[PDB]
Structure formats: structure tokens, C-alpha cells
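Below is final_14.csv, holding CSV, C-alpha atoms.
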chain,number,residue,atom,x,y,z
A,7,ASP,CA,101.8,95.9,82.5
A,8,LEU,CA,102.3,92.5,84.2
A,9,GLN,CA,102.0,94.6,87.4
A,10,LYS,CA,98.4,95.3,86.6
A,11,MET,CA,97.6,91.6,85.9
A,12,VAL,CA,98.6,91.0,89.5
A,13,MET,CA,96.3,93.7,90.7
A,14,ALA,CA,93.4,92.0,88.8
A,15,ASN,CA,94.0,89.2,91.3
A,16,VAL,CA,94.4,91.4,94.4
A,17,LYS,CA,91.3,92.1,96.4
A,18,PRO,CA,90.4,94.0,99.6
A,19,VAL,CA,89.9,91.8,102.6
A,20,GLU,CA,88.4,92.5,105.9
A,21,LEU,CA,87.4,90.7,109.1
A,22,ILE,CA,84.1,91.7,110.9
A,23,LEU,CA,82.9,90.6,114.4
A,24,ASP,CA,79.5,91.9,115.8
A,25,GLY,CA,79.1,94.4,113.0
A,26,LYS,CA,82.4,96.3,113.5
A,27,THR,CA,85.3,96.2,111.1
A,28,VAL,CA,87.9,94.5,113.3
A,29,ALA,CA,90.6,94.0,110.8
A,30,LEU,CA,91.6,94.8,107.2
A,31,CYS,CA,94.2,93.6,104.6
A,32,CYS,CA,94.7,92.3,101.1
A,33,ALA,CA,94.6,88.9,99.3
A,34,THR,CA,96.0,87.8,96.0
A,35,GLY,CA,94.4,85.4,93.6
A,36,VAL,CA,96.8,82.8,92.3
A,37,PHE,CA,94.5,80.4,90.5
A,38,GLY,CA,90.8,79.4,90.3
A,39,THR,CA,89.4,80.4,93.7
A,40,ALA,CA,92.7,80.3,95.7
A,41,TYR,CA,93.8,83.4,97.5
A,42,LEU,CA,97.1,84.0,99.3
A,43,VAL,CA,96.2,85.5,102.8
A,44,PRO,CA,97.9,86.6,106.0
A,45,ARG,CA,97.6,83.6,108.2
A,46,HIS,CA,98.2,85.5,111.5
A,47,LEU,CA,94.8,87.1,111.0
A,48,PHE,CA,92.7,84.0,110.8
A,49,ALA,CA,94.3,83.1,114.1
A,50,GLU,CA,92.6,85.8,115.9
A,51,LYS,CA,88.8,85.4,115.8
A,52,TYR,CA,86.3,86.5,113.1
A,53,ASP,CA,82.6,86.3,112.6
A,54,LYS,CA,82.2,87.5,109.0
A,55,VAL,CA,84.8,88.2,106.3
A,56,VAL,CA,84.5,90.5,103.3
A,57,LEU,CA,86.4,89.7,100.1
A,58,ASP,CA,85.8,92.3,97.4
A,59,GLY,CA,82.4,93.3,98.8
A,60,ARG,CA,81.2,89.7,99.0
A,61,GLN,CA,79.7,89.1,102.5
A,62,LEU,CA,81.3,85.8,103.2
A,63,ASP,CA,80.4,83.6,106.2
A,64,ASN,CA,82.8,81.3,108.1
A,65,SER,CA,81.6,78.1,106.5
A,66,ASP,CA,82.0,79.2,102.9
A,67,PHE,CA,85.8,79.0,102.3
A,68,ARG,CA,88.6,76.8,103.5
A,69,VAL,CA,92.2,77.6,104.7
A,70,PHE,CA,95.4,75.8,103.8
A,71,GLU,CA,98.5,76.3,105.9
A,72,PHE,CA,102.0,75.5,104.6
A,73,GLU,CA,105.3,74.7,106.1
A,74,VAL,CA,108.7,76.1,104.8
A,75,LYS,CA,112.2,74.8,105.1
A,76,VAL,CA,114.2,77.5,106.9
A,77,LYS,CA,117.8,76.2,107.3
A,78,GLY,CA,116.6,72.7,106.7
A,79,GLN,CA,114.0,73.1,109.4
A,80,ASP,CA,110.2,73.0,109.2
A,81,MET,CA,108.1,75.9,110.1
A,82,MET,CA,104.6,77.1,109.2
A,83,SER,CA,104.4,80.0,106.7
A,84,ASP,CA,102.5,83.1,107.6
A,85,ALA,CA,101.2,83.0,104.0
A,86,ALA,CA,98.0,80.9,104.1
A,87,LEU,CA,95.6,79.9,101.3
A,88,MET,CA,91.9,80.9,101.4
A,89,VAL,CA,89.9,78.7,99.0
A,90,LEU,CA,86.2,79.4,98.4
A,91,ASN,CA,83.7,76.6,98.3
A,92,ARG,CA,82.1,78.6,95.5
A,93,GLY,CA,83.1,81.9,93.9
A,94,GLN,CA,84.8,83.8,91.1
A,95,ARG,CA,87.8,82.8,88.9
A,96,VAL,CA,91.1,84.6,89.3
A,97,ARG,CA,93.9,84.4,86.8
A,98,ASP,CA,96.6,81.7,87.0
A,99,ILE,CA,99.6,83.7,88.0
A,100,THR,CA,101.2,80.7,89.7
A,101,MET,CA,103.4,80.5,86.6
A,102,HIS,CA,105.3,83.5,87.6
A,103,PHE,CA,106.6,82.4,91.0
A,104,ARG,CA,109.9,80.4,91.3
A,105,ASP,CA,111.6,78.2,93.9
A,106,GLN,CA,115.4,78.8,94.4
A,107,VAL,CA,115.4,82.6,94.2
A,108,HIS,CA,118.1,84.5,95.9
A,109,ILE,CA,117.6,88.1,95.0
A,110,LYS,CA,120.5,90.6,94.8
A,111,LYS,CA,120.7,93.7,97.0
A,112,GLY,CA,119.4,97.2,96.0
A,113,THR,CA,117.1,95.9,93.3
A,114,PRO,CA,113.6,97.5,92.9
A,115,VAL,CA,110.6,95.9,94.5
A,116,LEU,CA,106.9,96.4,93.8
A,117,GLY,CA,104.0,95.9,96.3
A,118,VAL,CA,100.6,95.6,94.7
A,119,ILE,CA,98.0,96.6,97.3
A,120,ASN,CA,94.2,96.7,97.2
A,121,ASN,CA,92.2,97.4,100.4
A,122,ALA,CA,89.5,99.5,101.9
A,123,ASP,CA,91.8,102.1,103.5
A,124,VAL,CA,94.1,103.0,100.6
A,125,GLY,CA,92.5,101.2,97.6
A,126,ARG,CA,94.4,99.8,94.5
A,127,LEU,CA,97.9,101.0,95.3
A,128,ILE,CA,101.4,100.1,94.2
A,129,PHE,CA,104.6,100.9,96.1
A,130,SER,CA,108.3,100.8,95.4
A,131,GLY,CA,111.3,99.6,97.5
A,132,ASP,CA,114.8,98.2,97.6
A,133,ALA,CA,115.8,94.5,98.1
A,134,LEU,CA,117.8,93.8,101.2
A,135,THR,CA,118.4,90.2,102.2
A,136,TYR,CA,116.7,87.0,103.4
A,137,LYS,CA,115.5,87.0,107.0
A,138,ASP,CA,115.1,83.6,108.7
A,139,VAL,CA,112.4,84.1,111.3
A,140,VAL,CA,110.6,87.2,112.7
A,141,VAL,CA,108.4,87.1,115.8
A,142,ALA,CA,105.5,89.5,116.4
A,143,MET,CA,104.8,91.1,119.8
A,144,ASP,CA,102.0,88.6,120.5
A,145,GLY,CA,104.1,85.7,119.2
A,146,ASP,CA,102.8,85.5,115.7
A,147,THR,CA,105.9,83.9,114.3
A,148,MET,CA,106.7,84.6,110.6
A,149,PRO,CA,109.4,82.3,109.1
A,150,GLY,CA,111.3,82.4,105.8
A,151,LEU,CA,110.6,86.1,105.3
A,152,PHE,CA,112.3,88.5,102.9
A,153,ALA,CA,113.4,92.0,103.9
A,154,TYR,CA,112.9,95.0,101.7
A,155,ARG,CA,113.2,98.8,102.3
A,156,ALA,CA,109.9,100.6,101.8
A,157,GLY,CA,107.1,102.4,103.7
A,158,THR,CA,104.5,100.0,104.8
A,159,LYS,CA,101.5,100.8,107.0
A,160,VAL,CA,99.1,98.3,108.4
A,161,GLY,CA,96.6,96.7,105.9
A,162,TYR,CA,99.3,96.0,103.3
A,163,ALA,CA,99.5,92.4,104.5
A,164,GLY,CA,98.6,89.9,101.8
A,165,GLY,CA,99.6,92.2,98.9
A,166,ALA,CA,101.7,90.9,96.1
A,167,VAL,CA,105.4,91.7,96.0
A,168,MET,CA,107.4,91.3,92.8
A,169,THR,CA,111.1,91.9,91.9
A,170,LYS,CA,113.5,91.1,89.0
A,171,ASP,CA,116.1,88.5,88.1
A,172,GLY,CA,117.7,88.6,84.7
A,173,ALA,CA,115.0,89.3,82.1
A,174,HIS,CA,112.2,87.9,84.4
A,175,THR,CA,109.8,89.5,86.9
A,176,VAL,CA,109.2,87.1,89.7
A,177,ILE,CA,106.5,87.1,92.4
A,178,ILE,CA,108.2,86.2,95.7
A,179,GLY,CA,105.2,85.9,98.0
A,180,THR,CA,102.9,88.1,99.9
A,181,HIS,CA,103.7,91.1,102.2
A,182,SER,CA,103.4,89.9,105.8
A,183,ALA,CA,104.4,92.7,108.2
A,184,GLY,CA,106.8,95.6,108.8
A,185,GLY,CA,107.0,99.1,110.1
A,186,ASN,CA,110.2,101.2,110.6
A,187,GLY,CA,110.4,101.9,106.8
A,188,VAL,CA,111.2,98.2,106.2
A,189,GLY,CA,108.9,95.5,105.0
A,190,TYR,CA,108.6,91.7,105.1
A,191,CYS,CA,107.2,89.0,102.7
A,192,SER,CA,106.5,85.4,103.3
A,193,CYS,CA,108.6,83.8,100.6
A,194,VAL,CA,106.4,81.5,98.6
A,195,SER,CA,107.8,78.9,96.2
A,196,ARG,CA,106.2,77.9,92.8
A,197,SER,CA,106.6,74.2,93.6
A,198,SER,CA,104.5,74.6,96.7
A,199,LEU,CA,101.8,76.5,94.8
A,200,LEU,CA,101.6,73.8,92.1
A,201,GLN,CA,101.2,70.9,94.5
A,202,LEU,CA,98.0,72.5,95.8
A,203,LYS,CA,96.6,73.5,92.4
A,204,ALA,CA,96.8,69.7,91.8
A,205,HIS,CA,94.5,69.2,94.8
A,206,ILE,CA,92.0,71.9,93.7
A,207,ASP,CA,92.5,72.8,90.0
Would you write the structure of this file as C-alpha cells?
Amino acid sequence: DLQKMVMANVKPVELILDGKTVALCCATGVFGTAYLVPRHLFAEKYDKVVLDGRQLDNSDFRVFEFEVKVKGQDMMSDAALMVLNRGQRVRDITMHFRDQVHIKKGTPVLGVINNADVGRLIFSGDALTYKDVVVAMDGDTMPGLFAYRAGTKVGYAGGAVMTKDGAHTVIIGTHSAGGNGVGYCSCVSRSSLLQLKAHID
């Protein structure tokens, strides 16, 4: 039910260069024209980018990078924010995130995915614990992640992951990376999301 309203915001993303599909992932709308996106992809180069079929050029959107406090230290989240100069409205789902969430073990976990490989998919998983920092093979550091047990191929990055606490269904952040039957999300705080909605509305 809520799960679907998250999907309404999730959109297939891709990165092209010289005509060939170089990369592919997801992005989740949070408000207005703001989309949560895997930062470690805008690092490596792109020519064109497709969001939901829209043939975007480089100069038509702008990216916001955030820092996170991991053990009282300041690192740059792998969850970035792609904002279109002009585009379509997504729902405000920023109201669903939180800030001081410590999720219990074994709890269910859902991963709303929408891309060009699989399509509009959801998956299930189990909550493990908080991981401080995770480093990729090329050095794409991913701080403040959250570990959950589930099957996650490539192109799931950017999808929206939601769990439970009490009677509430909280969105934690966006799926970042994984493999080995385990997955990782860039933990995103509501406070952070609101302080940017102020600056864009």
C-alpha cells in the first residue's frame, strides 16, 4: 500500500556515453523534482543520462552531495541528490524518513526497485546491524551504511529500502551496493532531507 506510493517515486536510471548504455540503476523521488541517486556513478563519466525515458543532457539537472556523522566524524554519503532544472513532480515522501533510527535485528526489509533490467520490482530481506564504512574495489567509499540480508544484483542501487519500528514504516535511505546475499543502504536522515527541501521547495 505505502510500498506502492514509494514505487510511484522510483524511476529507471541509466548513464550513456557515445550511444552505448554504460551504466544502469534506480532513483527515488522524495519531493518536487529531487531524486535520491547513487553518487558513485556520477563520479565515473557520463555523456547523456536517461530518467524514466526522458533523454536528459548533462546541463539539465544538478547534484547535491551530503556529509554524514559516522562516530562523530564527517564523511560524504554515497546517496546524492539529482535535482532537475525543469521536470515532473514526485510525491513528498520525505515525511516518512526519520533521524535517530536504530533498527532491531531480524526484522523484515523491503527494497523497491525500478530499472531497465528487471523493471518495477520489490524484494524482501532481514535487518542485520549498522555498518560504519564500506570501501569499493576502486575506492568508492560508502559511509554510514546499513547491512541487511537479501539477494541484490547490480542495478538495484538507488532503490528505496523500508523497514518497521513500532507501528511505523520508515524509509531508511537508498540501496547502495552489495553482493554475497547481503545488501547495503546509505542511511539517510529526515532532518537532512528537510534542510534541502527548504533550499528548493
With distances taken over only C-alpha atoms, which of A:93, A:87, A:175, A:25 is nearest to residue A:198?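 Using only C-alpha atoms, residue A:198 sits closest to A:87.
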Straight-line distance linking atom CA of residue A:55 with atom CA of residue A:94, stated in Å to one decimal: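 Spanning atom CA of residue A:55 to atom CA of residue A:94 is a straight-line distance of 15.8 Å.
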Expressed in Å, the length from atom CA of residue A:188 to atom CA of residue A:130 is 11.5 Å
I'd like the neighbourhood of residue A:90 as a PDB file with C-alpha atoms, in the frame of the given file, where a residue qualifies if any of its atoms comes within 10 Å (using all atoms listed in the file), though same-chain residues fewer than 4 positions away should be ignored.
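After the write, part23.pdb holds the following:
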ATOM      1  CA  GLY A  38      90.800  79.400  90.300  1.00  0.00           C
ATOM      2  CA  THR A  39      89.400  80.400  93.700  1.00  0.00           C
ATOM      3  CA  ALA A  40      92.700  80.300  95.700  1.00  0.00           C
ATOM      4  CA  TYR A  41      93.800  83.400  97.500  1.00  0.00           C
ATOM      5  CA  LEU A  62      81.300  85.800 103.200  1.00  0.00           C
ATOM      6  CA  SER A  65      81.600  78.100 106.500  1.00  0.00           C
ATOM      7  CA  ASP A  66      82.000  79.200 102.900  1.00  0.00           C
ATOM      8  CA  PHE A  67      85.800  79.000 102.300  1.00  0.00           C
ATOM      9  CA  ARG A  68      88.600  76.800 103.500  1.00  0.00           C
ATOM     10  CA  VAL A  69      92.200  77.600 104.700  1.00  0.00           C
ATOM     11  CA  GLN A  94      84.800  83.800  91.100  1.00  0.00           C
TER      12      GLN A  94
END
Quick one: distance from atom CA of residue A:115 to atom CA of residue A:131 in Å, one decimal?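 Computed distance, atom CA of residue A:115 to atom CA of residue A:131, equals 4.8 Å.
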For a quick check of understanding, using all atoms listed in the file, which of A:128, A:156, A:21, A:178 has the smallest distance to residue A:57?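 Once distances to residue A:57 are computed over all atoms listed in the file, the minimum belongs to A:21.
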Got a minute to add N, CA, C and O atoms to stretch 109-133 of chain A and dump it as a compact mmCIF listing (two decimals), in the frame of the given file?
# COMPACT_ATOMS: atom_id res chain seq x y z
N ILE A 109 117.61 86.85 95.68
CA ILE A 109 117.60 88.10 95.00
C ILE A 109 118.75 88.99 95.50
O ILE A 109 119.14 88.94 96.66
N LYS A 110 119.30 89.76 94.57
CA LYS A 110 120.50 90.60 94.80
C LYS A 110 120.04 91.83 95.60
O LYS A 110 118.86 92.07 95.78
N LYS A 111 121.00 92.50 96.21
CA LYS A 111 120.70 93.70 97.00
C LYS A 111 120.39 94.91 96.10
O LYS A 111 120.74 94.94 94.92
N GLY A 112 119.71 95.90 96.67
CA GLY A 112 119.40 97.20 96.00
C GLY A 112 118.44 97.16 94.86
O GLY A 112 118.06 98.23 94.39
N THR A 113 118.02 95.99 94.41
CA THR A 113 117.10 95.90 93.30
C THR A 113 115.69 96.41 93.64
O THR A 113 115.26 96.33 94.80
N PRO A 114 114.99 96.97 92.64
CA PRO A 114 113.60 97.50 92.90
C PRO A 114 112.69 96.39 93.31
O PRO A 114 112.96 95.21 93.11
N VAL A 115 111.57 96.80 93.88
CA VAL A 115 110.60 95.90 94.50
C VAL A 115 109.24 96.57 94.41
O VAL A 115 109.12 97.73 94.81
N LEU A 116 108.22 95.86 93.93
CA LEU A 116 106.90 96.40 93.80
C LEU A 116 105.90 95.71 94.73
O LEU A 116 105.94 94.49 94.85
N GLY A 117 105.00 96.47 95.35
CA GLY A 117 104.00 95.90 96.30
C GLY A 117 102.61 96.24 95.94
O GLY A 117 102.07 97.25 96.39
N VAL A 118 102.01 95.39 95.12
CA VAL A 118 100.60 95.60 94.70
C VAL A 118 99.65 95.45 95.86
O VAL A 118 99.53 94.38 96.46
N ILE A 119 98.96 96.54 96.18
CA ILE A 119 98.00 96.60 97.30
C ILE A 119 96.64 97.00 96.88
O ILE A 119 96.48 97.87 96.02
N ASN A 120 95.62 96.37 97.46
CA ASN A 120 94.20 96.70 97.20
C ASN A 120 93.42 96.48 98.47
O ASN A 120 93.12 95.34 98.81
N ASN A 121 93.05 97.55 99.16
CA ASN A 121 92.20 97.40 100.40
C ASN A 121 91.21 98.55 100.52
O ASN A 121 91.00 99.35 99.61
N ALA A 122 90.57 98.60 101.69
CA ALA A 122 89.50 99.50 101.90
C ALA A 122 89.98 100.87 102.46
O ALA A 122 89.29 101.89 102.39
N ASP A 123 91.20 100.86 103.01
CA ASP A 123 91.80 102.10 103.50
C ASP A 123 92.39 102.88 102.32
O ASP A 123 91.91 103.97 102.02
N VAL A 124 93.40 102.32 101.66
CA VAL A 124 94.10 103.00 100.60
C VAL A 124 93.38 102.78 99.21
O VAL A 124 93.07 103.74 98.50
N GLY A 125 93.12 101.52 98.88
CA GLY A 125 92.50 101.20 97.60
C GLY A 125 93.62 100.55 96.74
O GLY A 125 94.65 100.14 97.25
N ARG A 126 93.38 100.45 95.43
CA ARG A 126 94.40 99.80 94.50
C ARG A 126 95.63 100.66 94.40
O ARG A 126 95.71 101.59 93.59
N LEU A 127 96.63 100.29 95.19
CA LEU A 127 97.90 101.00 95.30
C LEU A 127 99.08 100.13 94.93
O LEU A 127 99.05 98.92 95.16
N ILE A 128 100.14 100.74 94.42
CA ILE A 128 101.40 100.10 94.20
C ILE A 128 102.43 100.85 95.04
O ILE A 128 102.25 102.04 95.27
N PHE A 129 103.52 100.20 95.46
CA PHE A 129 104.60 100.90 96.10
C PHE A 129 105.96 100.39 95.61
O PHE A 129 106.05 99.29 95.08
N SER A 130 107.00 101.18 95.82
CA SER A 130 108.30 100.80 95.40
C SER A 130 109.22 100.56 96.62
O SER A 130 108.90 101.00 97.73
N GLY A 131 110.33 99.86 96.41
CA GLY A 131 111.30 99.60 97.50
C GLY A 131 112.57 99.02 97.01
O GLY A 131 112.80 98.89 95.81
N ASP A 132 113.43 98.68 97.96
CA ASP A 132 114.80 98.20 97.60
C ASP A 132 114.97 96.82 98.32
O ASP A 132 114.66 96.66 99.50
N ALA A 133 115.51 95.88 97.58
CA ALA A 133 115.80 94.50 98.10
C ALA A 133 116.93 94.54 99.06
O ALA A 133 118.00 95.06 98.74
